[PDB]
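*Asks:* Residue numbers (the authors' numbering), protein chains in the order written: chain BZ, 624 to 689; chain AH, 2 to 175; chain AQ, 1 to 141; chain AK, 4 to 133; chain AL, 2 to 140; chain AZ, 1 to 185; chain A9, 1 to 37.
One structure is given below, represented as structure tokens, and several questions about it will come after.
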RNA sequence: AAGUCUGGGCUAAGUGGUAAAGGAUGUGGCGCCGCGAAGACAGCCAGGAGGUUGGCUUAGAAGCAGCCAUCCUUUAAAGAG
Ligand SMILES: [Mg+2]
Ligand SMILES: [Mg+2]
Ligand SMILES: [Mg+2]
Ligand SMILES: [Mg+2]
Ligand SMILES: [Mg+2]
Ligand SMILES: [Mg+2]
Ligand SMILES: [Mg+2]
Ligand SMILES: [Mg+2]
Ligand SMILES: [Mg+2]
Ligand SMILES: [Mg+2]
Ligand SMILES: [Mg+2]
Ligand SMILES: [Mg+2]
Ligand SMILES: [Mg+2]
Ligand SMILES: [Mg+2]
Ligand SMILES: [Mg+2]
Ligand SMILES: [Mg+2]
Ligand SMILES: [Zn+2]
């Protein structure tokens with residue numbers, strides 16, 4: 624999660640099982656299901672939703688201007 | 002602070018005979034010759050053996066400790082015996098004696114068979130422990146090691162041949 | 001970075017680097033210093049590189065004193081041209097530096113901190129150096 | 004060479020405030036267990052003198068130089084000194100014999116003792132409260 | 002049929018949900034885990050807050066036993082100094098103050114937890130835990 | 001606090017010879033005499049690194065004289081950072097001009113704010129009898145923030161012990177203090 | 001193995017050795033293994 | 001062609017008999033401070049503890065992200081690590 628340019632929000636239990644909430648940029652959620660399944664032995668899962676927009680990094684922005 | 006000067010207790014009843022060039026150690030379990038630099042003096046005393054060096058010149062101090070231990074290891078060799086234990090680990094993996102020979106089964110497309118050199122004797126007490134035993138310290142070492150080398154501990158799994166007492170340090174792997 | 005603001009003359013003859021320093025040999029301001037162990041024309045960018053390195057070590061911060069300043073213009077002809085047809089173009093500025101010169105000083109910093117700082121600064125310089133520390137011998141001068 | 008000087012004296016002072024010093028081998032008790040078996044002999048032995056555990060070496064130069072009967076019970080090993088006289092103990096060593104000889108495998112085990120000014124003994128000092 | 006355990010926890014006041022560390026190391030009691038919401042928040046419903054320590058033991062017929070300590074040094078001092086939080090940066094901006102003799106009573110609250118069994122010793126721990134949060138001792 | 005030093009007379013001995021010999025060629029003078037001396041380097045060093053130009057040093061010549069001196073100069077060889085020569089001033093009962101250390105008592109409000117005490121004088125010039133040479137002179141630097149200085153004009157001053165430099169001579173300053181944040185620009 | 005002109009202790013468990021004419025740094029952590037060259 | 005010449009020392013690389021920044025328990029020799037039979041250095045046997053998650057700061061930073069501060073306690077000792 625952090626390594627995907629994300630920013631984590633918190634952690635609660637469920638079916639025990641655990642849940643981890645985060646804001647990651649969508650640009651970094653492509654094909655997530657598969658790393659997630661690798662990183663969790665095919666035992667975890669996820670849901671994901673648009674929350675908001677914000678300033679892409681000054682080092683990303685100016686690559687895009689092509 | 003010093004190995005060479007540390008006297009060597011000799012057990013009743015192993016015997017230590019000095020020559021120039023060598024010292025011989027005999028006991029219940031065999032006999033051993035230990036090559037010794039002709040610059041050191043090996044000294045026999047009551048139920049003890051000492052080693053003396055001719056100066057504090059670097060080579061002599063270095064020879065000093067080495068010589069004491071070399072003789073100390075022979076003393077212990079013929080009296081107590083030396084030995085090392087290898088633990089086999091991993092699901093398919095096991096060993097068994099076959100004559101005096103050790104047949105190692107460790108996940109190659111074939112068993113591996115190890116003939117014990119002379120002075121070395123193999124024990125497979127359970128089927129996942131092997132015991133290399135012998136009078137010669139370094140040789141015991143060398144063979145234990147040879148065996149272990151047939152398939153070292155993995156980086157990723159508690160799997161392979163291990164010195165008993167040797168720690169399993171892993172690293173995560175996906 | 002460093003260079004005179006104005007000059008009576010733009011290019012100068014190359015000169016020669018015989019001699020222990022002329023002066024500059026004793027620590028004058030800080031607690032720690034770095035002395036040239038050998039002659040060299042040290043470059044504005046080399047000084048700057050060292051200065052910068054030092055500040056980066058302290059982060060914030062101590063005091064850096066700079067005791068050499070490059071007033072010698074360094075000349076060079078354009079690539080691939082022949083000899084003749086007048087002296088080369090000023091392309092930079094340098095400080096003549098002879099052995100025993102205290103080049104940089106530091107203060108307001110621990111022993112550990114000034115030692116390291118001057119070590120790194122050394123590595124940006126094209127000569128041998130030693131680190132020294134203030135003394136009665138310095139003060140006496 | 005050293006605070007071994009300021010340390011001897013501080014043992015002499017605390018010996019020169021007595022006539023009856025005992026000696027225990029405060030070996031492997033944890034920290035929980037320790038501020039217990041200590042605060043124990045501070046609520047059964049006056050002032051704040053349970054053990055003033057210090058160097059066997061300096062604790063023989065001190066007994067030696069006050070002469071204090073040459074405390075040579077056994078200054079070998081781990082050694083702590085249950086100052087029974089800078090307190091007000093007696094059979095208050097029972098306060099030791101009951102905490103150690105139950106709450107461990109050999110709790111606060113004893114070694115030497117000098118009651119009044121006279122050499123106590125082995126188990127005859129360790130039964131000096133039974 | 003799980004083992005005789007000597008558990009140590011630190012849960013705050015309020016949140017009495019049987020989730021870690023009230024889950025893994027507390028299965029071994031077969032614990033009336035939700036008996037804690039009521040046997041805790043009855044000594045801490047007059048208070049409201051304060052993290053109150055605890056040790057939770059189990060035996061051989063699967064039942065749990067727990068006993069608690071006294072609210073943090075950092076806690077007690079906060080609501081005698083007119084503060085919710087500390088002082089952000091300890092040193093330059095005190096955001097509260099306490100007389101020599103108000104630390105003493107705060108100390109007195111903590112007398113049965115510490116190392117010393119004193120006051121003049123006890124009170125400086127308190128006063129020392131006042132620099133650690135940058136609130137000056139009125140003296 | 002009043003140090004001593006064997007010192008010997010010399011005539012024609014080449015300084016190179018002496019220097020090689022572990023010794024340190026020197027000279028002693030005031031207005032009454034001028035003698036050529038040598039002193040063993042390592043003995044000299046051990047003293048002067050505490051004495052400096054601040055404390056009296058007593059030269060024990062072979063004739064059994066014991067002259068009280070201040071060091072007046074030490075010539076360093078520029079290339080190898082070492083003493084080549086010393087000038088011992090034979091103090092007499094007159095007042096003397098000399099250098100008196102400054103002890104900077106206090107932590108500036110300027111420091112403790114990120115900044116740095118540029119100690120511009122680590123001693124100060126003074127007219128004074130040898131008989132009351134003040135081994136110290138304290139200066140409170142506590143009221144200093146980044147921006148401030150202190151001149152000689154301040155400076156308590158014992159008896160007596162006058163100044164010997166303009167009072168308008170700045171002696172200490174507190175200056176701002178190297179910042180990575182500046183760099184990039 | 002790292003092979004360099006400058007070989008140096010990297011952590012506190014790093015140990016500088018000389019075998020058979022060459023300076024090596026051996027260490028518990030295999031990333032610190034160095035051999036000068 | 002003429003000394004396998006004489007006395008002292010260093011070198012172990014065939015350095016000698018091809019080079020720099022820089023790097024290194026190579027080897028020898030100086031010097032300076034340090035700890036040490038009131039027992040040091042090395043191994044090994046205990047302990048290594050409270051107030052306390054120190055305050056702030058993220059959602060969590062409970063000695064060890066990072067900004068401050070770095071006290072107090074029992075103590076033989078034990079860092080706000
Ligand atoms: Mg053997
Ligand atoms: Mg092999
Ligand atoms: Mg020219
Ligand atoms: Mg150039
Ligand atoms: Mg040109
Ligand atoms: Mg350089
Ligand atoms: Mg000048
Ligand atoms: Mg120097
Ligand atoms: Mg010198
Ligand atoms: Mg490098
Ligand atoms: Mg290693
Ligand atoms: Mg010859
Ligand atoms: Mg080579
Ligand atoms: Mg060659
Ligand atoms: Mg060659
Ligand atoms: Mg060398
Ligand atoms: Zn390492």
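Positions of the beta carbon are idealized from the N, C-alpha and C atoms, including for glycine.
#1: For a test of your reading of the model: does the CB of residue 663 (chain BZ) fall under 7 Å from any non-hydrogen atom of ligand 4? Yes or no.
#2: Please tell me whether, using a cut-off of 7 Å, the distance from the CB of residue 151 (chain AZ) to the nearest non-hydrogen atom of ligand 17 is below it.
#3: Tell me, please, which residues DSSP counts as bridged to residue 630 (chain BZ).
#4: Could you compute how far the alpha carbon of residue 125 (chain AH) sits from the alpha carbon of residue 171 (chain AH)?
#5: Judging by CA-CA distance, which residue of 129 (chain AQ), 97 (chain AQ), 76 (chain AQ), 108 (chain AQ) is the nearest neighbour of residue 19 (chain AQ)?
#6: Comparing alpha-carbon positions, which option in 12 (chain AZ), 96 (chain AZ), 38 (chain AZ), 155 (chain AZ) lies nearest residue 23 (chain AZ)?
#7: Take residue 26 (chain AQ) and list the residues in its own chain whose beta-carbon comes closer than 6 Å to its own, dropping the five residues that flank it on each side.
#8: What are the residues that DSSP puts in a beta bridge with residue 28 (chain AH)?
#9: Measuring CA to CA, which of 137 (chain AL), 5 (chain AL), 60 (chain AL) is closest to residue 87 (chain AL)?
#10: Please compile the residues from chain AZ whose C-beta is within a distance smaller than 7 Å of the C-beta of residue 66 (chain AQ).
#11: Give a single yes or no on whether residue 45 (chain AZ) has its beta carbon closer than 7 Å to a heavy atom of ligand 9.
#12: Rounded to the nearest angstrom, what separates residue 29 (chain AQ) and residue 124 (chain AQ) at their Cα positions?
#13: Residues of chain AL with CB closer than 8 Å to the CB of residue 680 (chain BZ), please, in chain order.
#14: Give a yes or no on contact between the segment 54 to 66 of chain AH and the segment 83 to 96 of chain AH, applying the rule of three or more CB pairs nearer than 8 Å.
#15: If contact means a Cβ-Cβ distance below 9 Å, which residues of the segment 79 to 96 of chain AZ contact chain AQ?
#16: How big is the Cα-Cα spacing for residue 51 (chain AZ) and residue 94 (chain AQ)?
#17: Ligand 6 and residue 33 (chain AQ): does the residue's C-beta get closer than 7 Å to at least one heavy atom of that ligand?
#18: Quick check: residue 5 (chain AZ) and residue 59 (chain AZ), are their CB atoms within less than 8 Å of each other?
#19: Could you tell me the alpha carbon to alpha carbon distance between residue 20 (chain AK) and residue 37 (chain AK), rounded to whole angstroms?
#20: Touching or not, the segment 4 to 17 of chain AQ and the segment 115 to 122 of chain AQ, by the rule of three or more beta carbon pairs under 8 Å?
#21: Just by C-beta distance, which residues in the segment 15 to 33 of chain AL are closer than 8 Å to chain BZ?
#22: How long is the line joining the alpha carbons of residue 140 (chain AL) and residue 45 (chain AQ), rounded to whole angstroms?
#23: Throw me the rounded Cβ distance for the residue 27 (chain AZ) and residue 87 (chain AZ) pair, which I believe falls under 8 Å.
#24: Mind listing, in chain order, the residues whose beta carbon lies closer than 7 Å to a non-hydrogen atom of ligand 1?
#25: Let me check you understand the geometry: is the CB of residue 100 (chain AQ) closer than 7 Å to at least one non-hydrogen atom of ligand 7?
#26: Cα separation between residue 47 (chain AK) and residue 137 (chain AZ)?
#27: Roughly how many angstroms separate the alpha carbons of residue 63 (chain AK) and residue 11 (chain AK), rounded to a whole number?
#28: Let's test the definition: count the other Cβ atoms within 10 Å of the Cβ of residue 50 (chain AL) and tell me whether it reaches 16, buried, or not, exposed.
#29: Please output, in chain order, the residues near ligand 8 using a CB cut-off of less than 6 Å to any non-hydrogen atom of the ligand.
#30: Mind listing the chain AQ neighbours of residue 43 (chain AZ)? Cutoff is C-beta to C-beta under 9 Å, in chain order.
#31: Answer yes or no: the CB of residue 6 (chain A9) versus the heavy atoms of ligand 10, is any distance below 7 Å?
#32: Relative to ligand 2, is the shortest distance from any of its heavy atoms to the C-beta of residue 146 (chain AH) smaller than 7 Å?
#33: Assuming residue 84 (chain AK) and residue 55 (chain AK) are in contact, meaning their beta carbons sit under 8 Å apart, how far apart are those beta carbons, in whole angstroms?
#34: Taking 8 Å as the CB-CB cut-off, is residue 45 (chain AQ) touching chain AZ?
#35: Look up residue 193 (chain AZ) in the DSSP assignment and say whether it is helix, strand or coil.
*Replies:* With the structure as the only source:
#1: Checking every heavy atom of ligand 4 against the Cβ of residue 663 (chain BZ), none is found closer than 7 Å.
#2: The nearest non-hydrogen atom of ligand 17 is 7 Å or more from the C-beta of residue 151 (chain AZ).
#3: DSSP output for residue 630 (chain BZ) lists 646 (chain BZ) as bridge partner(s).
#4: Between the alpha carbons of residue 125 (chain AH) and residue 171 (chain AH) lies a distance of about 27 Å.
#5: The option with the nearest alpha carbon to residue 19 (chain AQ) is 97 (chain AQ).
#6: In terms of CA proximity to residue 23 (chain AZ), 38 (chain AZ) leads the group 12 (chain AZ), 96 (chain AZ), 38 (chain AZ), 155 (chain AZ).
#7: So the list reads 138, 141, once near-sequence residues are dropped.
#8: DSSP lists 31 (chain AH) as partners of residue 28 (chain AH).
#9: Here the closest residue by C-alpha is 137 (chain AL).
#10: For residue 66 (chain AQ), no chain AZ residue has a Cβ inside 7 Å of its Cβ, as the nearest lies near 12 Å away.
#11: Yes; taking the cut-off as 7 Å, the Cβ of residue 45 (chain AZ) has a heavy atom of ligand 9 nearer than that.
#12: Distance between the alpha carbons of residue 29 (chain AQ) and residue 124 (chain AQ) is about 22 Å.
#13: Correct list: empty, because the minimum Cβ distance to chain AL is about 29 Å.
#14: Remark: fewer than three beta-carbon pairs, one from each stretch, lie closer than 8 Å, so the segment 54 to 66 of chain AH and the segment 83 to 96 of chain AH are not flagged as touching.
#15: So the close ones are 79, 80, 81, 82, 83.
#16: Answer to the nearest angstrom: the Cα atoms are 40 Å apart.
#17: Not so, every heavy atom of ligand 6 lies at least 7 Å from the Cβ.
#18: With a cutoff of 8 Å on beta-carbon distance, residue 5 (chain AZ) and residue 59 (chain AZ) are scored as near each other.
#19: If you take the alpha carbons of residue 20 (chain AK) and residue 37 (chain AK), they lie about 25 Å apart.
#20: The segment 4 to 17 of chain AQ makes no contact with the segment 115 to 122 of chain AQ, as fewer than three CB pairs between them are under 8 Å.
#21: Result list: 20, 21, 24.
#22: Within the model, the alpha-carbon separation for residue 140 (chain AL) versus residue 45 (chain AQ) is close to 58 Å.
#23: That pair is a contact at about 6 Å.
#24: The set of residues whose C-beta lies within less than 7 Å of a heavy atom of ligand 1 reads, in chain order, 33 (chain AH), 74 (chain AH), 75 (chain AH), 77 (chain AH), 78 (chain AH), 83 (chain AH), 136 (chain AH), 137 (chain AH), 138 (chain AH).
#25: Answer for residue 100 (chain AQ): no, Cβ out of range of ligand 7.
#26: When rounded, the separation of the alpha-carbon atoms in residue 47 (chain AK) and residue 137 (chain AZ) is 57 Å.
#27: Each residue's alpha carbon lies about 9 Å from the other.
#28: Residue burial is scored here from C-beta neighbours: residue 50 (chain AL) has fewer than 16 other C-beta atoms within 10 angstroms and is therefore classed as exposed.
#29: Every residue passing the under-6 Å Cβ criterion appears here: 132 (chain AQ), 81 (chain AZ).
#30: Against chain AQ, the beta carbon of residue 43 (chain AZ) has no neighbour under 9 Å; the closest one sits roughly 15 Å away.
#31: Yes; taking the cut-off as 7 Å, the Cβ of residue 6 (chain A9) has a heavy atom of ligand 10 nearer than that.
#32: Yes, ligand 2 has a heavy atom inside 7 Å of this Cβ.
#33: Right, the Cβ-Cβ distance comes to about 6 Å (below 8 Å), so this counts as a contact.
#34: Chain AZ contact via Cβ: absent.
#35: Absent from the model: residue 193 (chain AZ). The displayed extent of chain AZ is 1 to 185, so no value can be given.
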